file structure34.cif (mmCIF, N, CA and C atoms and all ligand atoms)
data_model
loop_
_atom_site.label_atom_id
_atom_site.label_comp_id
_atom_site.auth_asym_id
_atom_site.auth_seq_id
_atom_site.Cartn_x
_atom_site.Cartn_y
_atom_site.Cartn_z
N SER W 7 73.43 3.68 -30.40
CA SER W 7 73.58 4.98 -31.04
C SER W 7 72.53 5.22 -32.13
N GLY W 8 72.36 6.49 -32.52
CA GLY W 8 71.40 6.84 -33.56
C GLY W 8 70.86 8.25 -33.40
N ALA W 9 70.39 8.85 -34.51
CA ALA W 9 69.87 10.21 -34.45
C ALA W 9 68.77 10.39 -35.48
N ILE W 10 67.93 11.42 -35.28
CA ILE W 10 66.91 11.84 -36.24
C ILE W 10 67.46 13.11 -36.90
N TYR W 11 67.41 13.20 -38.22
CA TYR W 11 67.86 14.39 -38.93
C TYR W 11 66.66 15.02 -39.60
N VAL W 12 66.17 16.18 -39.13
CA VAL W 12 64.97 16.81 -39.71
C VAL W 12 65.26 18.30 -39.92
N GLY W 13 65.08 18.81 -41.14
CA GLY W 13 65.40 20.20 -41.47
C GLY W 13 66.86 20.48 -41.13
N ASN W 14 67.11 21.53 -40.35
CA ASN W 14 68.48 21.81 -39.91
C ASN W 14 68.70 21.42 -38.46
N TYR W 15 68.08 20.30 -38.03
CA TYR W 15 68.22 19.83 -36.66
C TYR W 15 68.65 18.36 -36.64
N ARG W 16 69.36 17.98 -35.57
CA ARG W 16 69.74 16.61 -35.29
C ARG W 16 69.20 16.32 -33.86
N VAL W 17 68.39 15.27 -33.70
CA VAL W 17 67.84 14.90 -32.39
C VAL W 17 68.56 13.65 -31.90
N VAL W 18 69.15 13.71 -30.71
CA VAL W 18 69.87 12.56 -30.17
C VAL W 18 69.47 12.30 -28.70
N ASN W 19 69.88 11.16 -28.13
CA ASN W 19 69.70 10.92 -26.70
C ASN W 19 70.65 11.91 -26.00
N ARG W 20 70.14 12.65 -25.00
CA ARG W 20 70.97 13.62 -24.31
C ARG W 20 72.27 12.98 -23.72
N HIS W 21 72.15 11.75 -23.17
CA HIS W 21 73.32 11.08 -22.57
C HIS W 21 74.38 10.62 -23.59
N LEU W 22 74.04 10.63 -24.89
CA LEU W 22 74.97 10.25 -25.96
C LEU W 22 75.43 11.45 -26.79
N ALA W 23 74.94 12.69 -26.47
CA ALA W 23 75.32 13.86 -27.28
C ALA W 23 76.84 14.07 -27.28
N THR W 24 77.39 14.47 -28.42
CA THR W 24 78.83 14.69 -28.59
C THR W 24 79.24 16.11 -28.21
N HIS W 25 80.58 16.43 -28.21
CA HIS W 25 81.03 17.80 -27.96
C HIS W 25 80.44 18.73 -29.06
N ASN W 26 80.33 18.24 -30.32
CA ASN W 26 79.76 19.05 -31.40
C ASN W 26 78.28 19.32 -31.19
N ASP W 27 77.51 18.33 -30.68
CA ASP W 27 76.10 18.56 -30.37
C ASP W 27 75.96 19.69 -29.34
N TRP W 28 76.76 19.64 -28.26
CA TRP W 28 76.70 20.66 -27.21
C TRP W 28 77.17 22.04 -27.69
N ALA W 29 78.16 22.09 -28.61
CA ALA W 29 78.64 23.37 -29.18
C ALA W 29 77.60 24.01 -30.15
N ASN W 30 76.65 23.22 -30.65
CA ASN W 30 75.60 23.70 -31.56
C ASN W 30 74.22 23.46 -30.94
N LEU W 31 74.12 23.58 -29.60
CA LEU W 31 72.89 23.30 -28.85
C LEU W 31 71.72 24.20 -29.23
N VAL W 32 70.52 23.59 -29.45
CA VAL W 32 69.28 24.32 -29.70
C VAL W 32 68.38 24.19 -28.44
N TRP W 33 68.27 22.95 -27.92
CA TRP W 33 67.40 22.66 -26.78
C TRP W 33 67.80 21.32 -26.18
N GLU W 34 67.68 21.20 -24.86
CA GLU W 34 67.91 19.91 -24.20
C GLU W 34 67.00 19.80 -22.98
N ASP W 35 66.64 18.56 -22.64
CA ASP W 35 65.80 18.33 -21.47
C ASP W 35 66.26 17.04 -20.80
N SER W 36 66.96 17.14 -19.66
CA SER W 36 67.49 15.99 -18.93
C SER W 36 66.35 15.04 -18.50
N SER W 37 65.18 15.60 -18.16
CA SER W 37 64.04 14.76 -17.73
C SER W 37 63.47 13.94 -18.90
N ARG W 38 63.75 14.31 -20.17
CA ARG W 38 63.27 13.52 -21.32
C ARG W 38 64.39 12.69 -21.98
N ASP W 39 65.66 12.87 -21.55
CA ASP W 39 66.83 12.25 -22.19
C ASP W 39 66.93 12.70 -23.66
N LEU W 40 66.54 13.95 -23.98
CA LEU W 40 66.68 14.46 -25.36
C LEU W 40 67.59 15.68 -25.46
N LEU W 41 68.22 15.83 -26.62
CA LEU W 41 69.02 16.98 -26.97
C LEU W 41 68.89 17.21 -28.47
N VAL W 42 68.72 18.46 -28.88
CA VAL W 42 68.62 18.81 -30.30
C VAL W 42 69.74 19.82 -30.59
N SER W 43 70.48 19.56 -31.66
CA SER W 43 71.56 20.45 -32.09
C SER W 43 71.29 20.92 -33.53
N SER W 44 71.96 22.00 -33.97
CA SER W 44 71.75 22.50 -35.34
C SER W 44 72.74 21.91 -36.32
N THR W 45 72.31 21.74 -37.58
CA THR W 45 73.17 21.19 -38.62
C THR W 45 73.20 22.17 -39.81
N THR W 46 74.20 22.05 -40.68
CA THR W 46 74.27 22.87 -41.89
C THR W 46 73.61 22.14 -43.08
N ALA W 47 73.67 20.79 -43.09
CA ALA W 47 73.08 20.00 -44.17
C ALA W 47 71.60 19.69 -43.88
N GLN W 48 70.78 19.61 -44.93
CA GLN W 48 69.36 19.33 -44.79
C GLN W 48 69.09 17.87 -44.40
N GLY W 49 68.27 17.68 -43.37
CA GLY W 49 67.91 16.39 -42.80
C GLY W 49 67.14 15.47 -43.72
N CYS W 50 67.25 14.16 -43.48
CA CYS W 50 66.66 13.10 -44.27
C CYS W 50 65.27 12.61 -43.78
N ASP W 51 64.90 12.90 -42.53
CA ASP W 51 63.69 12.38 -41.86
C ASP W 51 62.48 13.33 -41.82
N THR W 52 61.25 12.79 -41.59
CA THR W 52 60.00 13.54 -41.39
C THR W 52 59.34 13.08 -40.03
N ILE W 53 58.73 14.00 -39.24
CA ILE W 53 58.22 13.67 -37.91
C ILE W 53 56.73 13.39 -37.96
N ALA W 54 56.30 12.32 -37.30
CA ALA W 54 54.88 12.00 -37.21
C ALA W 54 54.17 13.01 -36.30
N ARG W 55 52.94 13.39 -36.68
CA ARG W 55 52.12 14.31 -35.85
C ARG W 55 50.79 13.55 -35.70
N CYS W 56 50.72 12.66 -34.69
CA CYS W 56 49.61 11.69 -34.59
C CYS W 56 49.51 11.12 -33.16
N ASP W 57 48.52 10.21 -32.93
CA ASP W 57 48.39 9.52 -31.66
C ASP W 57 48.56 8.01 -31.83
N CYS W 58 49.35 7.55 -32.84
CA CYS W 58 49.58 6.11 -33.02
C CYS W 58 50.17 5.48 -31.76
N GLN W 59 49.75 4.25 -31.47
CA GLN W 59 50.30 3.43 -30.39
C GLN W 59 50.87 2.12 -30.90
N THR W 60 51.07 2.00 -32.23
CA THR W 60 51.73 0.85 -32.85
C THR W 60 52.74 1.44 -33.85
N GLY W 61 53.83 0.73 -34.01
CA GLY W 61 54.88 1.13 -34.92
C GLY W 61 55.95 0.05 -34.99
N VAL W 62 57.09 0.42 -35.58
CA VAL W 62 58.20 -0.51 -35.76
C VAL W 62 59.46 0.26 -35.30
N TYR W 63 60.35 -0.42 -34.57
CA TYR W 63 61.60 0.23 -34.13
C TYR W 63 62.82 -0.58 -34.54
N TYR W 64 63.97 0.10 -34.67
CA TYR W 64 65.20 -0.60 -35.02
C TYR W 64 65.94 -0.98 -33.74
N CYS W 65 66.31 -2.26 -33.62
CA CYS W 65 67.05 -2.80 -32.47
C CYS W 65 68.49 -3.18 -32.90
N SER W 66 69.47 -2.30 -32.62
CA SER W 66 70.84 -2.52 -33.06
C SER W 66 71.48 -3.78 -32.50
N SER W 67 71.11 -4.18 -31.26
CA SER W 67 71.65 -5.42 -30.66
C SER W 67 71.12 -6.71 -31.27
N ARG W 68 70.18 -6.61 -32.20
CA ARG W 68 69.68 -7.75 -32.98
C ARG W 68 69.81 -7.49 -34.49
N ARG W 69 70.30 -6.31 -34.91
CA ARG W 69 70.35 -5.89 -36.32
C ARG W 69 68.99 -6.16 -37.02
N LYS W 70 67.91 -5.84 -36.32
CA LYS W 70 66.56 -6.15 -36.84
C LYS W 70 65.57 -5.09 -36.44
N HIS W 71 64.47 -5.01 -37.17
CA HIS W 71 63.35 -4.14 -36.78
C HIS W 71 62.26 -5.03 -36.15
N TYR W 72 61.56 -4.50 -35.14
CA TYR W 72 60.48 -5.25 -34.48
C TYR W 72 59.21 -4.40 -34.42
N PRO W 73 58.05 -5.01 -34.65
CA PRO W 73 56.78 -4.26 -34.48
C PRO W 73 56.43 -4.22 -32.97
N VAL W 74 55.86 -3.12 -32.52
CA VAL W 74 55.51 -2.96 -31.10
C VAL W 74 54.20 -2.21 -30.89
N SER W 75 53.54 -2.47 -29.72
CA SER W 75 52.40 -1.70 -29.21
C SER W 75 53.01 -0.93 -28.05
N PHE W 76 52.85 0.39 -28.02
CA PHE W 76 53.51 1.18 -26.97
C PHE W 76 52.52 2.11 -26.27
N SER W 77 52.80 2.44 -24.98
CA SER W 77 51.94 3.31 -24.19
C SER W 77 52.05 4.78 -24.61
N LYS W 78 51.06 5.63 -24.21
CA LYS W 78 51.08 7.06 -24.50
C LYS W 78 52.25 7.69 -23.75
N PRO W 79 52.78 8.83 -24.23
CA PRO W 79 53.90 9.46 -23.52
C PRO W 79 53.54 9.78 -22.07
N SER W 80 54.38 9.35 -21.13
CA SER W 80 54.06 9.57 -19.72
C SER W 80 55.29 9.65 -18.82
N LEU W 81 55.06 9.94 -17.52
CA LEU W 81 56.12 10.08 -16.53
C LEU W 81 56.35 8.69 -15.94
N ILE W 82 57.55 8.12 -16.15
CA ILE W 82 57.87 6.76 -15.72
C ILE W 82 59.15 6.74 -14.92
N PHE W 83 59.16 6.02 -13.78
CA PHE W 83 60.36 5.92 -12.97
C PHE W 83 61.45 5.08 -13.69
N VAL W 84 62.70 5.60 -13.74
CA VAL W 84 63.83 4.92 -14.35
C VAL W 84 64.93 4.81 -13.29
N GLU W 85 65.45 3.61 -13.10
CA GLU W 85 66.48 3.27 -12.11
C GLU W 85 67.78 4.02 -12.41
N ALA W 86 68.63 4.25 -11.38
CA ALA W 86 69.89 4.95 -11.60
C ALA W 86 70.80 4.18 -12.56
N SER W 87 71.56 4.92 -13.36
CA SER W 87 72.53 4.33 -14.27
C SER W 87 73.85 5.15 -14.18
N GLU W 88 74.86 4.84 -15.02
CA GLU W 88 76.06 5.66 -15.04
C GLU W 88 75.77 7.06 -15.61
N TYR W 89 74.59 7.27 -16.23
CA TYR W 89 74.27 8.54 -16.88
C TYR W 89 73.31 9.43 -16.12
N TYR W 90 72.43 8.87 -15.30
CA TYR W 90 71.45 9.65 -14.57
C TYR W 90 71.24 9.11 -13.17
N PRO W 91 70.87 10.00 -12.22
CA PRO W 91 70.41 9.48 -10.93
C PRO W 91 69.04 8.81 -11.12
N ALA W 92 68.55 8.07 -10.10
CA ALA W 92 67.21 7.49 -10.15
C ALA W 92 66.20 8.68 -10.24
N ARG W 93 65.25 8.62 -11.19
CA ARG W 93 64.37 9.77 -11.42
C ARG W 93 63.13 9.38 -12.24
N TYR W 94 62.19 10.33 -12.40
CA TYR W 94 61.06 10.10 -13.29
C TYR W 94 61.46 10.71 -14.63
N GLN W 95 61.38 9.94 -15.70
CA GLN W 95 61.67 10.44 -17.05
C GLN W 95 60.30 10.76 -17.69
N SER W 96 60.14 11.96 -18.23
CA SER W 96 58.87 12.35 -18.83
C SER W 96 58.84 12.06 -20.34
N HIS W 97 57.61 12.08 -20.92
CA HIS W 97 57.39 11.90 -22.36
C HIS W 97 57.95 10.53 -22.83
N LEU W 98 57.87 9.51 -21.95
CA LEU W 98 58.41 8.18 -22.26
C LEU W 98 57.27 7.21 -22.57
N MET W 99 57.48 6.35 -23.58
CA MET W 99 56.49 5.35 -24.00
C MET W 99 57.11 3.97 -23.85
N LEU W 100 56.41 3.04 -23.17
CA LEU W 100 56.98 1.71 -22.97
C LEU W 100 56.33 0.69 -23.89
N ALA W 101 57.10 -0.35 -24.23
CA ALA W 101 56.61 -1.45 -25.01
C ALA W 101 57.35 -2.73 -24.57
N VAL W 102 56.79 -3.88 -24.89
CA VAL W 102 57.46 -5.16 -24.68
C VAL W 102 58.34 -5.41 -25.91
N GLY W 103 59.62 -5.56 -25.67
CA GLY W 103 60.59 -5.78 -26.74
C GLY W 103 62.01 -5.78 -26.21
N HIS W 104 62.96 -6.22 -27.04
CA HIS W 104 64.35 -6.31 -26.60
C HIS W 104 65.07 -4.96 -26.69
N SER W 105 65.83 -4.59 -25.65
CA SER W 105 66.63 -3.37 -25.67
C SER W 105 67.74 -3.57 -24.63
N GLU W 106 68.97 -3.33 -25.00
CA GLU W 106 70.08 -3.39 -24.05
C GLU W 106 70.97 -2.15 -24.22
N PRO W 107 71.97 -1.91 -23.32
CA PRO W 107 72.91 -0.79 -23.54
C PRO W 107 73.55 -0.89 -24.92
N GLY W 108 73.46 0.21 -25.65
CA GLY W 108 73.89 0.28 -27.02
C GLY W 108 72.71 0.51 -27.96
N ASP W 109 71.47 0.14 -27.54
CA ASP W 109 70.31 0.30 -28.40
C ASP W 109 69.71 1.69 -28.41
N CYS W 110 70.14 2.57 -27.49
CA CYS W 110 69.58 3.94 -27.46
C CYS W 110 69.85 4.66 -28.77
N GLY W 111 68.84 5.38 -29.27
CA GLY W 111 69.01 6.07 -30.56
C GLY W 111 68.30 5.38 -31.71
N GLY W 112 67.93 4.10 -31.55
CA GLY W 112 67.15 3.39 -32.58
C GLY W 112 65.82 4.10 -32.80
N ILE W 113 65.41 4.28 -34.06
CA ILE W 113 64.20 5.03 -34.37
C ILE W 113 62.96 4.16 -34.31
N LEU W 114 61.89 4.74 -33.76
CA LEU W 114 60.55 4.15 -33.72
C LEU W 114 59.72 4.96 -34.77
N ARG W 115 59.06 4.25 -35.69
CA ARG W 115 58.28 4.92 -36.73
C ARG W 115 56.90 4.31 -36.80
N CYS W 116 55.93 5.12 -37.19
CA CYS W 116 54.59 4.61 -37.54
C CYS W 116 54.37 4.97 -39.04
N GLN W 117 53.15 4.77 -39.58
CA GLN W 117 52.87 5.11 -40.98
C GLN W 117 53.01 6.61 -41.29
N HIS W 118 53.01 7.47 -40.27
CA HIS W 118 53.08 8.93 -40.45
C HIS W 118 54.50 9.50 -40.38
N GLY W 119 55.46 8.70 -39.90
CA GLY W 119 56.83 9.19 -39.81
C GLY W 119 57.49 8.79 -38.50
N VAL W 120 58.51 9.54 -38.12
CA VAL W 120 59.28 9.28 -36.91
C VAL W 120 58.47 9.64 -35.66
N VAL W 121 58.36 8.70 -34.72
CA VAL W 121 57.65 8.88 -33.45
C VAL W 121 58.61 9.24 -32.32
N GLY W 122 59.76 8.55 -32.27
CA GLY W 122 60.72 8.82 -31.21
C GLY W 122 61.93 7.92 -31.28
N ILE W 123 62.74 7.92 -30.21
CA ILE W 123 63.98 7.09 -30.25
C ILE W 123 64.08 6.26 -29.01
N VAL W 124 64.77 5.10 -29.11
CA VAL W 124 64.98 4.27 -27.93
C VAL W 124 65.75 5.05 -26.84
N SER W 125 65.28 4.97 -25.60
CA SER W 125 65.92 5.69 -24.51
C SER W 125 66.12 4.80 -23.26
N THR W 126 65.26 3.80 -23.03
CA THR W 126 65.44 2.89 -21.88
C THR W 126 65.27 1.41 -22.32
N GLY W 127 65.75 0.48 -21.49
CA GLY W 127 65.63 -0.94 -21.77
C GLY W 127 65.66 -1.82 -20.53
N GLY W 128 65.97 -3.10 -20.74
CA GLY W 128 66.06 -4.12 -19.71
C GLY W 128 64.74 -4.76 -19.38
N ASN W 129 64.80 -5.95 -18.79
CA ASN W 129 63.62 -6.69 -18.30
C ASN W 129 62.65 -7.09 -19.39
N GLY W 130 63.09 -7.15 -20.65
CA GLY W 130 62.18 -7.45 -21.75
C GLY W 130 61.29 -6.26 -22.10
N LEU W 131 61.66 -5.05 -21.69
CA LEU W 131 60.92 -3.84 -22.04
C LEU W 131 61.82 -2.92 -22.88
N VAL W 132 61.19 -2.03 -23.65
CA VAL W 132 61.93 -1.00 -24.40
C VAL W 132 61.14 0.30 -24.23
N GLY W 133 61.84 1.38 -23.90
CA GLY W 133 61.21 2.67 -23.68
C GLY W 133 61.67 3.64 -24.75
N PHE W 134 60.75 4.45 -25.29
CA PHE W 134 61.07 5.40 -26.34
C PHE W 134 60.78 6.82 -25.86
N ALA W 135 61.70 7.75 -26.16
CA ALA W 135 61.50 9.15 -25.90
C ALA W 135 60.67 9.71 -27.08
N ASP W 136 59.48 10.21 -26.79
CA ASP W 136 58.60 10.77 -27.81
C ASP W 136 59.14 12.10 -28.35
N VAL W 137 58.97 12.34 -29.67
CA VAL W 137 59.36 13.64 -30.23
C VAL W 137 58.15 14.30 -30.95
N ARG W 138 56.95 13.66 -30.95
CA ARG W 138 55.82 14.16 -31.73
C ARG W 138 55.28 15.50 -31.25
N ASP W 139 55.53 15.86 -29.98
CA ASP W 139 55.07 17.14 -29.46
C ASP W 139 55.99 18.31 -29.84
N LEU W 140 57.20 18.04 -30.35
CA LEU W 140 58.17 19.09 -30.70
C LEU W 140 57.84 19.66 -32.08
N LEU W 141 56.77 20.51 -32.16
CA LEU W 141 56.32 21.00 -33.47
C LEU W 141 57.32 21.89 -34.17
N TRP W 142 58.18 22.57 -33.40
CA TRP W 142 59.17 23.47 -33.98
C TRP W 142 60.25 22.76 -34.80
N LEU W 143 60.37 21.42 -34.68
CA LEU W 143 61.37 20.68 -35.48
C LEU W 143 61.10 20.83 -36.99
N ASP W 144 59.82 21.06 -37.37
CA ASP W 144 59.29 21.17 -38.73
C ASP W 144 59.42 22.52 -39.37
N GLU W 145 60.00 23.51 -38.69
CA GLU W 145 60.15 24.84 -39.27
C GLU W 145 61.43 25.54 -38.80
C1 LIG W 201 73.05 0.60 -18.30
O1 LIG W 201 71.64 0.74 -18.45
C2 LIG W 201 70.90 -0.40 -18.61
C3 LIG W 201 71.01 -1.50 -17.76
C4 LIG W 201 70.25 -2.63 -18.02
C5 LIG W 201 69.39 -2.66 -19.11
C6 LIG W 201 69.29 -1.56 -19.94
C7 LIG W 201 70.03 -0.40 -19.70
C8 LIG W 201 69.90 0.80 -20.62
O2 LIG W 201 69.03 0.38 -21.67
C9 LIG W 201 69.19 1.13 -22.86
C10 LIG W 201 69.08 1.91 -19.94
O3 LIG W 201 67.92 1.65 -19.68
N1 LIG W 201 69.63 3.11 -19.62
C11 LIG W 201 71.05 3.50 -19.70
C12 LIG W 201 71.25 4.82 -20.45
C13 LIG W 201 70.30 5.90 -19.93
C14 LIG W 201 68.84 5.42 -19.95
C15 LIG W 201 67.89 6.52 -19.52
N2 LIG W 201 67.94 6.87 -18.24
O4 LIG W 201 67.11 7.05 -20.32
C16 LIG W 201 68.78 4.18 -19.06
ZN ZN W 202 51.23 7.78 -36.60
#

call {"tool": "encode", "arguments": {"input": "structure34.cif", "output": "structure tokens"}}
result
Amino acid sequence: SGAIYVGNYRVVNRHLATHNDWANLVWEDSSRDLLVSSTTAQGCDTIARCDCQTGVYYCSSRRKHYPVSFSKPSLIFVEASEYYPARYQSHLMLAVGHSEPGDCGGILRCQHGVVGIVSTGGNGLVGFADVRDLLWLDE
């Protein structure tokens, strides 16, 4: 679990969004595993606007942060799960690192701010849904 809070928006994994997230829906994209809902309280986070390929992410299944080198956002095949059919997930960045069910929502950050959130795992890999292209989150 986990979310990004920026301005009057909350960014979560689409497959973990709550009834309240859906009742206050701003935008969602099943192909990216993202959903953004509106909030009344002002958010605590700032979004990176950069091309960094190194950063640090929080891994809840280890209660630790790990440094990673990750690929540029791209279209990557993801195996079927209880949440999605087998499909290509877009705007996804892969890295070598630990991730298991329960780790989705952990934040990936670089020196400029929030880059994205954990969205895929297994096989000693961790995949992050990029949010750096969502410029409207900042206004
Ligand atoms: C049960 O899923 C897993 C199985 C083995 C290892 C890892 C997972 C789980 O790692 C977080 C994962 O990758 N996904 C489940 C949730 C939806 C994710 C997606 N389609 O963006 C895919
Ligand atoms: Zn950066």

call {"tool": "closest_residue", "arguments": {"input": "structure34.cif", "among": "W:84, W:102, W:62, W:116", "to": "ligand ZN 202 (chain W)", "atoms": "only C-alpha atoms and all ligand atoms"}}
result
W:116

call {"tool": "closest_residue", "arguments": {"input": "structure34.cif", "among": "W:14, W:87, W:36, W:67", "to": "residue 50 in chain W", "atoms": "only C-alpha atoms"}}
result
W:14

call {"tool": "residues_near_ligand", "arguments": {"input": "structure34.cif", "ligand": "ligand ZN 202 (chain W)", "cutoff": "6.5 Å", "atoms": "only N, CA and C atoms and all ligand atoms", "output": "list in words"}}
result
residues 54, 55, 56, 57, 58, 59, 116, 117, 118 and 119 of chain W

call {"tool": "select_by_dssp", "arguments": {"input": "structure34.cif", "residues": "range 11-126 of chain W", "states": "strand (DSSP E or B)", "output": "compact mmCIF listing (two decimals) with N, CA and C atoms, in the coordinates of the input"}}
result
# COMPACT_ATOMS: atom_id res chain seq x y z
N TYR W 11 67.41 13.20 -38.22
CA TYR W 11 67.86 14.39 -38.93
C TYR W 11 66.66 15.02 -39.60
N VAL W 12 66.17 16.18 -39.13
CA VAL W 12 64.97 16.81 -39.71
C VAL W 12 65.26 18.30 -39.92
N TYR W 15 68.08 20.30 -38.03
CA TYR W 15 68.22 19.83 -36.66
C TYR W 15 68.65 18.36 -36.64
N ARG W 16 69.36 17.98 -35.57
CA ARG W 16 69.74 16.61 -35.29
C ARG W 16 69.20 16.32 -33.86
N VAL W 17 68.39 15.27 -33.70
CA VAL W 17 67.84 14.90 -32.39
C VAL W 17 68.56 13.65 -31.90
N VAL W 18 69.15 13.71 -30.71
CA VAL W 18 69.87 12.56 -30.17
C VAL W 18 69.47 12.30 -28.70
N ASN W 19 69.88 11.16 -28.13
CA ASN W 19 69.70 10.92 -26.70
C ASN W 19 70.65 11.91 -26.00
N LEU W 31 74.12 23.58 -29.60
CA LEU W 31 72.89 23.30 -28.85
C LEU W 31 71.72 24.20 -29.23
N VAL W 32 70.52 23.59 -29.45
CA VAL W 32 69.28 24.32 -29.70
C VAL W 32 68.38 24.19 -28.44
N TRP W 33 68.27 22.95 -27.92
CA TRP W 33 67.40 22.66 -26.78
C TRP W 33 67.80 21.32 -26.18
N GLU W 34 67.68 21.20 -24.86
CA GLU W 34 67.91 19.91 -24.20
C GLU W 34 67.00 19.80 -22.98
N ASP W 35 66.64 18.56 -22.64
CA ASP W 35 65.80 18.33 -21.47
C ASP W 35 66.26 17.04 -20.80
N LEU W 40 66.54 13.95 -23.98
CA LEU W 40 66.68 14.46 -25.36
C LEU W 40 67.59 15.68 -25.46
N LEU W 41 68.22 15.83 -26.62
CA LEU W 41 69.02 16.98 -26.97
C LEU W 41 68.89 17.21 -28.47
N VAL W 42 68.72 18.46 -28.88
CA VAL W 42 68.62 18.81 -30.30
C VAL W 42 69.74 19.82 -30.59
N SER W 43 70.48 19.56 -31.66
CA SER W 43 71.56 20.45 -32.09
C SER W 43 71.29 20.92 -33.53
N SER W 44 71.96 22.00 -33.97
CA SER W 44 71.75 22.50 -35.34
C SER W 44 72.74 21.91 -36.32
N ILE W 53 58.73 14.00 -39.24
CA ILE W 53 58.22 13.67 -37.91
C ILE W 53 56.73 13.39 -37.96
N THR W 60 51.07 2.00 -32.23
CA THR W 60 51.73 0.85 -32.85
C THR W 60 52.74 1.44 -33.85
N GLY W 61 53.83 0.73 -34.01
CA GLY W 61 54.88 1.13 -34.92
C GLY W 61 55.95 0.05 -34.99
N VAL W 62 57.09 0.42 -35.58
CA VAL W 62 58.20 -0.51 -35.76
C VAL W 62 59.46 0.26 -35.30
N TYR W 63 60.35 -0.42 -34.57
CA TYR W 63 61.60 0.23 -34.13
C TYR W 63 62.82 -0.58 -34.54
N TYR W 64 63.97 0.10 -34.67
CA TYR W 64 65.20 -0.60 -35.02
C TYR W 64 65.94 -0.98 -33.74
N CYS W 65 66.31 -2.26 -33.62
CA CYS W 65 67.05 -2.80 -32.47
C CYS W 65 68.49 -3.18 -32.90
N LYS W 70 67.91 -5.84 -36.32
CA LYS W 70 66.56 -6.15 -36.84
C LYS W 70 65.57 -5.09 -36.44
N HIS W 71 64.47 -5.01 -37.17
CA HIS W 71 63.35 -4.14 -36.78
C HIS W 71 62.26 -5.03 -36.15
N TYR W 72 61.56 -4.50 -35.14
CA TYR W 72 60.48 -5.25 -34.48
C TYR W 72 59.21 -4.40 -34.42
N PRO W 73 58.05 -5.01 -34.65
CA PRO W 73 56.78 -4.26 -34.48
C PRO W 73 56.43 -4.22 -32.97
N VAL W 74 55.86 -3.12 -32.52
CA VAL W 74 55.51 -2.96 -31.10
C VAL W 74 54.20 -2.21 -30.89
N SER W 75 53.54 -2.47 -29.72
CA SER W 75 52.40 -1.70 -29.21
C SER W 75 53.01 -0.93 -28.05
N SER W 80 54.38 9.35 -21.13
CA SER W 80 54.06 9.57 -19.72
C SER W 80 55.29 9.65 -18.82
N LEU W 81 55.06 9.94 -17.52
CA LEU W 81 56.12 10.08 -16.53
C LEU W 81 56.35 8.69 -15.94
N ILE W 82 57.55 8.12 -16.15
CA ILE W 82 57.87 6.76 -15.72
C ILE W 82 59.15 6.74 -14.92
N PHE W 83 59.16 6.02 -13.78
CA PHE W 83 60.36 5.92 -12.97
C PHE W 83 61.45 5.08 -13.69
N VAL W 84 62.70 5.60 -13.74
CA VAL W 84 63.83 4.92 -14.35
C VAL W 84 64.93 4.81 -13.29
N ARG W 93 65.25 8.62 -11.19
CA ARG W 93 64.37 9.77 -11.42
C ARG W 93 63.13 9.38 -12.24
N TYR W 94 62.19 10.33 -12.40
CA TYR W 94 61.06 10.10 -13.29
C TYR W 94 61.46 10.71 -14.63
N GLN W 95 61.38 9.94 -15.70
CA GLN W 95 61.67 10.44 -17.05
C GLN W 95 60.30 10.76 -17.69
N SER W 96 60.14 11.96 -18.23
CA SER W 96 58.87 12.35 -18.83
C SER W 96 58.84 12.06 -20.34
N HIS W 97 57.61 12.08 -20.92
CA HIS W 97 57.39 11.90 -22.36
C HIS W 97 57.95 10.53 -22.83
N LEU W 98 57.87 9.51 -21.95
CA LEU W 98 58.41 8.18 -22.26
C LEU W 98 57.27 7.21 -22.57
N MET W 99 57.48 6.35 -23.58
CA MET W 99 56.49 5.35 -24.00
C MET W 99 57.11 3.97 -23.85
N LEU W 100 56.41 3.04 -23.17
CA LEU W 100 56.98 1.71 -22.97
C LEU W 100 56.33 0.69 -23.89
N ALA W 101 57.10 -0.35 -24.23
CA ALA W 101 56.61 -1.45 -25.01
C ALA W 101 57.35 -2.73 -24.57
N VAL W 102 56.79 -3.88 -24.89
CA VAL W 102 57.46 -5.16 -24.68
C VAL W 102 58.34 -5.41 -25.91
N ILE W 113 65.41 4.28 -34.06
CA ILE W 113 64.20 5.03 -34.37
C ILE W 113 62.96 4.16 -34.31
N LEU W 114 61.89 4.74 -33.76
CA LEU W 114 60.55 4.15 -33.72
C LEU W 114 59.72 4.96 -34.77
N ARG W 115 59.06 4.25 -35.69
CA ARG W 115 58.28 4.92 -36.73
C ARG W 115 56.90 4.31 -36.80
N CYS W 116 55.93 5.12 -37.19
CA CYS W 116 54.59 4.61 -37.54
C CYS W 116 54.37 4.97 -39.04
N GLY W 119 55.46 8.70 -39.90
CA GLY W 119 56.83 9.19 -39.81
C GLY W 119 57.49 8.79 -38.50
N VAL W 120 58.51 9.54 -38.12
CA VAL W 120 59.28 9.28 -36.91
C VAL W 120 58.47 9.64 -35.66
N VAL W 121 58.36 8.70 -34.72
CA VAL W 121 57.65 8.88 -33.45
C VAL W 121 58.61 9.24 -32.32
N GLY W 122 59.76 8.55 -32.27
CA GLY W 122 60.72 8.82 -31.21
C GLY W 122 61.93 7.92 -31.28
N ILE W 123 62.74 7.92 -30.21
CA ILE W 123 63.98 7.09 -30.25
C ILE W 123 64.08 6.26 -29.01
N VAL W 124 64.77 5.10 -29.11
CA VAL W 124 64.98 4.27 -27.93
C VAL W 124 65.75 5.05 -26.84
N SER W 125 65.28 4.97 -25.60
CA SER W 125 65.92 5.69 -24.51
C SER W 125 66.12 4.80 -23.26
N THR W 126 65.26 3.80 -23.03
CA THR W 126 65.44 2.89 -21.88
C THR W 126 65.27 1.41 -22.32

call {"tool": "residues_near_ligand", "arguments": {"input": "structure34.cif", "ligand": "ligand LIG 201 (chain W)", "cutoff": "7 Å", "atoms": "all atoms listed in the file", "output": "PyMOL selection string"}}
result
chain W and resi 21+38-39+84-90+105-110+124-129
